[PDB]
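Down below is the structure, laid out as structure tokens.
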Amino acid sequence: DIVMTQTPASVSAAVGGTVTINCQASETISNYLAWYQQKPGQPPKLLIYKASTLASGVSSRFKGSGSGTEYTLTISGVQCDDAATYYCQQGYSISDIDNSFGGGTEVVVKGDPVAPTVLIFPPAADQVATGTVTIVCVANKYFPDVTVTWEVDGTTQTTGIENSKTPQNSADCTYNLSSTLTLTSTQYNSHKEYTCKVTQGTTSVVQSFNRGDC
Amino acid sequence: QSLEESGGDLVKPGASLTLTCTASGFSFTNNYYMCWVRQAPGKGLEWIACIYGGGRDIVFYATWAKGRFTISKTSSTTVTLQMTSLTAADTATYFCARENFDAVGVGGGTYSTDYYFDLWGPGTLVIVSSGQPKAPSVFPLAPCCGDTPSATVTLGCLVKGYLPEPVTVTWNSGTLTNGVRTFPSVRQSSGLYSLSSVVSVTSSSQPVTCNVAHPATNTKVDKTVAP
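If you read the protein sequences in the order shown, they are chains L and H. Positions 1 to 95, 95A to 95C, 96 to 211 (the deposited numbering) are the ones given, in order, by the first sequence. Positions 2 to 35, 35A, 36 to 52, 52A to 52B, 53 to 82, 82A to 82B, 83 to 100, 100A to 100M, 101 to 210 (the deposited numbering) are the ones given, in order, by the second sequence.
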């Protein structure tokens, strides 16, 4: 009803840099706007209320501003430790609304580039009798983002793939990624070469194994 | 002052379920609304409902909740959220939150505005699915046995096919933490979750054991992994 729109959905900034996040309301909320920070596995924490008032305890690096229907959160001296999702929340009305929160904005902090260390893990011997086989590839400790490709006997895999990336390391901004390929046991035994390819810009690390040898 | 939600559970589509939020260090008064807020895996915060802490019965609901969820105060330190006709789309972590407000105007004529949340519980997990509970299978992760060994090595455990979340993974009963990387869980097409955890170990410094707990099925698996 009063709908809150945050843009962009994601934003990036170098360490020491400053990033700004916007919150638009579909009608004035007379400056009743709060900002929260949320890291994975935790409840949101209050940063700012009434658009520009710092919550007791929070760093003055966080600045809220704006009025009417346009609001902003600014973060200065961006640290890897600020990587998180930020939400605005209109506090004007809770009568006849869908959601008081905006959709959120991810903040990505660009630290120093690090190339991934890439490992592949063939299935343990007991997996295949379960009727399902699960192959794991990990890209450890890297920035910026990587892309993963799987190949089976030289054919790009296009299904059965699940990727999972950890939050940015609070000290050095890096990610860890796992990529899992799942096949039926019939599919698994009908092929030989299993390949995980991790690409970072113009560099790729390729790890393989052959069903027979494991 | 802290809050603690409870009552999350795995239930089938169509089921009802009641959550409870209990307050410590304060009790409900006309100085606060108590509220519920949810968050589906990988999604945003969604306000659900607020109930006035004072004597008057005043409740507000998100337009998608009124008719299907009910919030009540069951004591000076407990509010519940009764949910009916649940679907997979109601799968989420459910937070209880305390809400501050400004009284504005004069009356009976005064109204609440300037709402913001100043206190949150850790949340309780609700899972709505056709599938029944399932304890995880744990498989070792190690380099191909065909490959030439090496002093320094990373090993792991694959924790596959459990429901509901969560599982927790430690290594060597928690005495190994450096070099440990545990990935967020993924929901597979099957509707079952899986995750992995790997640890980079210097040499034959230790046998490493991953400790996997699945509280929902009262399960703990220790798996000793070697190459």
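Heads up, the beta-carbon is just placed ideally off N, CA and C, and yes, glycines get one too.
With which residues is residue i paired in a DSSP beta bridge?
i, result
"H:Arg38", "H:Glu46 and H:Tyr90"
"H:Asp98", "H:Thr100I"
"L:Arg208", "Answer is none; L:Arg208 lacks a bridge partner."
"H:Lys203", "H:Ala196"
"H:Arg164", "H:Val181"
"H:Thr68", "H:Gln80"
"L:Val135", "L:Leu116 and L:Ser175"
"H:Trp62", "For H:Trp62, which the question treats as bridged, DSSP gives no partner whatsoever."
"L:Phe62", "L:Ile75"
"L:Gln24", "L:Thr5 and L:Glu70"
"H:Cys22", "H:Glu6 and H:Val77"
"L:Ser12", "L:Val105"
"H:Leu175", "BP columns for H:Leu175 are empty, so no partner."
"L:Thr152", "L:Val149"
"L:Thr53", "L:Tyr49"
"L:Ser201", "L:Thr196"
"H:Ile51", "H:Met35 and H:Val57"
"H:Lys13", "Paired residue(s): none; H:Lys13 is not in a bridge."
"L:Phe140", "L:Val111"
Where does residue i land, buried or exposed, given buried means 16+ other C-beta within 10 angstroms?
i, result
"L:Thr155", "exposed"
"L:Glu27", "exposed"
"residue 212 of chain L", "In the structure displayed, chain L extends from 1 to 211; residue 212 of chain L sits before or after that span and is not available."
"H:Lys143", "buried"
"L:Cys193", "buried"
"H:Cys128", "exposed"
"H:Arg38", "buried"
"H:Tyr100G", "exposed"
"H:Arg54", "exposed"
"L:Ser175", "buried"
"H:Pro119", "buried"
"L:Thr131", "buried"
"L:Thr5", "exposed"
"L:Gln42", "exposed"
"L:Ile48", "buried"
"L:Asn186", "exposed"
"H:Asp86", "buried"
"L:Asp150", "exposed"
"L:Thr177", "buried"
"L:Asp82", "buried"
"H:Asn161", "exposed"
Could you give the residue range of the beta strand (DSSP E) that holds residue i?
i, result
"L:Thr196", "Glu190 to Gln197"
"L:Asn173", "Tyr172 to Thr181"
"L:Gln89", "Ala84 to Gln90"
"L:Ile95B", "No beta strand (DSSP E) holds L:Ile95B; DSSP gives it neither H nor E."
"L:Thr18", "It is not in any beta strand (DSSP E) - L:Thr18 carries neither H nor E in the DSSP assignment."
"L:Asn160", "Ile158 to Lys162"
"H:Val142", "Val136 to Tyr145"
"L:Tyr71", "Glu70 to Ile75"
"L:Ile48", "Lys45 to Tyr49"
"H:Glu5", "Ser3 to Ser7"
"L:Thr7", "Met4 to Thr7"
"L:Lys107", "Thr102 to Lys107"
"H:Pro123", "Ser120 to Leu124"
"L:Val125", "It is not in any beta strand (DSSP E) - L:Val125 carries neither H nor E in the DSSP assignment."
"L:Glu148", "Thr144 to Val149"
"H:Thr151", "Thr151 to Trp154"
"L:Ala34", "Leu33 to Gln38"
Starting from residue i, trace the alpha helix (DSSP H) in both directions and tell me its first and last residue.
i, result
"H:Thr107", "Not the alpha helix (DSSP H): H:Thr107 falls in the beta strand (DSSP E), residues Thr107 to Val111."
For residue i, which residues in the same chain have their Cβ closer than 6 Å to its Cβ, ignoring the five residues on either side in sequence?
i, result
"H:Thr78", "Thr19, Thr21, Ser70 and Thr72"
"H:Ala63", "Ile48 and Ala49"
"H:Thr165", "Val152 and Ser180"
"L:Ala136", "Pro113, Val115, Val143, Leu174 and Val195"
"H:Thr202", "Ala118"
"H:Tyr52", "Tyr34 and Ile56"
What residues in its chain sit with their C-beta under 7 Å from that of residue i, if we drop five residues either side in the sequence?
i, result
"L:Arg61", "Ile75, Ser76 and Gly77"
"H:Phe97", "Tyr34, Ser100H, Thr100I, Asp100J and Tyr100K"
"H:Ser82A", "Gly15 and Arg66"
"H:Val100", "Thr100F, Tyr100G and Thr100I"
"H:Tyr176", "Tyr145, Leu146, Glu148, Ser168, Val169 and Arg170"
Going by beta carbon distance, what residues of the same chain come within less than 8 Å of residue i, once the five residues before and after it are set aside?
i, result
"L:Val11", "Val19, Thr20, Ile21, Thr102, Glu103, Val104 and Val105"
"L:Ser65", "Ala51, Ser52, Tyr71, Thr72 and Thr74"
Using the beta-carbon of each residue, which ones in chain B are nearer than 9 Å to residue i?
i, result
"L:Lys39", "No chain B is part of this structure, whose protein chains are labelled L and H."
Are three or more beta carbon pairs between the region 8-15 of chain H and the region 161-174 of chain L nearer than 8 Å?
no
Three or more C-beta pairs closer than 8 Å, one from the region 89-99 of chain H and one from the region 111-126 of chain L: is that the case here?
no
Kindly confirm or deny that the region 108-123 of chain H and the region 109-124 of chain L touch, where touching means at least three C-beta pairs closer than 8 Å.
yes
Touching by the beta-carbon criterion (3+ pairs, under 8 Å), the region 190-208 of chain L and the region 136-154 of chain L
yes
Count Cβ pairs between the region 130-140 of chain H and the region 175-186 of chain H that sit closer than 8 Å; are there 3 or more?
Cβ pair count under 8 Å is three or more, so yes.
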